[PDB]
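Within every chain, numbering begins at 1; the chains are lettered A, B, ... in the order of the sequence lines, protein sequences first and strands thereafter.
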Amino acid sequence: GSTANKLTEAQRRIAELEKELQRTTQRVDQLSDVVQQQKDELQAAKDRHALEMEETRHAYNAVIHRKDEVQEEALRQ
Amino acid sequence: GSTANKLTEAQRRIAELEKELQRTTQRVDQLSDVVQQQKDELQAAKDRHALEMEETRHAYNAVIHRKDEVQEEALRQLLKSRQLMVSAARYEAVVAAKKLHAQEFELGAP
């Protein structure tokens, strides 16, 4: 085949490869976005659990303190 | 000439693109693997958090309940002890007031 014909075919293949590289690169960035969203969600869940655990511990400690005080006042009286 | 040179240039550009596509398609796969692992991780974490929260609440609650039980029984025993001291003092006061009044009355007999 002629050199010119080969060039036309090479130019077609370039255009085809560019399209496919664009498509695949677009998917990389979409997946990178999912990865970060998942990381944010995992931290958010950990933060929510820690907050619930801490609210519950403060409540327990307050109740123990309160019941000690009441008992103390009962025994002083 | 020019035609041949442009073909050589195009062949190089094809080789560059093919290698970039290979790398990009590998990155997609690496990211796809991360996405699935993070899904599994998220669920595992939610399950651990829920179990930990439930066990923690039950432990606090069992300790609070035992504290109420032990404290209330401490008062109940103290209050029973007081009721006994008082029922005995009250009986000892009738007994002594009766004895005193009988002695005073009797001393006055002929």
key: Sequence neighbours excluded, every pair satisfying ring pair (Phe, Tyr, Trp, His ring centres under 6.0 Å) that has a member inside residues 32-54 of chain B   = A/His49-B/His49
query = In Å, rounded to the nearest 0.5 Å, how long is the span from CD1 of A/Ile64 to CD of A/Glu69?
reply = 12.5 Å
remark   = Across all chains, not counting sequence neighbours, the salt bridge (charged side-chain N to carboxylate O under 4.0 Å, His left out) partners of A/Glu41 are B/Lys46
query = Excluding sequence neighbours, so at least two apart, what forms salt bridge (charged side-chain N to carboxylate O under 4.0 Å, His left out) with B/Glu55?
reply = none
query = Roughly how far, to the nearest 0.5 Å, is NE2 of B/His65 from NE2 of B/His58?
reply = 11.0 Å
message = Under a 3.5 Å distance rule, please check whether B/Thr56 uses its side chain to pair with a backbone N or O of B/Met53 as donor and acceptor.
response = no
request  = Return the minimal non-hydrogen interatomic distance between B/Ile14 and A/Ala10, and the atom names on each side.
outcome  = CD1-O, 3.6 Å
message = A/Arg12: which residues meet the salt bridge (charged side-chain N to carboxylate O under 4.0 Å, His left out) condition with it, sequence neighbours left out?
response = A/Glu9, A/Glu16
task = Taking A/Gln71 for its side chain and B/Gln71 for its backbone only, find out whether a donor-acceptor pair lies under 3.5 Å.
result = yes
message = For B/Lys6 and A/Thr3: C-alpha separation, side-chain torsions, deciding distance, then whether side-chain contact (heavy atoms from CB on, under 4.5 Å) applies.
response = CA-CA 10 Å; B/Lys6 284 169 194 175; A/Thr3 305; over 6 Å; no
Considering only distance and modelled atom types, tabulate donor-acceptor pairs under 3.5 Å from the side chains of residues 27-37 of chain B, sequence neighbours left out.
{"residue": "B/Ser32", "atom": "OG", "partner": "B/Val28", "partner atom": "O", "Å": "3.0"}
{"residue": "B/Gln36", "atom": "OE1", "partner": "B/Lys39", "partner atom": "NZ", "Å": "2.8"}

query = Would you call B/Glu73 and B/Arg76 a salt bridge, using N to O less than 4.0 angstrom?
reply = yes
task = Check side chain to side chain contact (heavy atoms under 4.5 Å, CB included) between B/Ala59 and all other residues, then give those that pass, not counting sequence neighbours.
result = none
key: Side-chain touch A/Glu52/B/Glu52, heavy atoms, less than 4.5 angstrom   = no
query = If you round to the nearest 0.5 Å, how far is NZ of A/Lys19 from OG1 of A/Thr24?
reply = 12.0 Å
key: Side-chain touch A/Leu42/A/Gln38, heavy atoms, less than 4.5 angstrom   = no
inquiry  = Let's go through B/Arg23 and B/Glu20 carefully: what are the C-alpha distance in whole Å and the side-chain angles of both, what is the deciding distance for salt bridge (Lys or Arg N to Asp or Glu O under 4.0 Å) to 0.1 Å, and is it a yes or a no?
reply    = CA-CA 5 Å; B/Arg23 294 204 75 212; B/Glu20 195 179 353; over 6 Å; no
inquiry  = So B/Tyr60 and A/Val63, do their side chains get closer than 4.5 Å, heavy atoms only?
reply    = no
task = Output the distance between atom CD (B/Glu72) and atom NZ (A/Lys67), rounded to the nearest 0.5 Å.
result = 10.0 Å
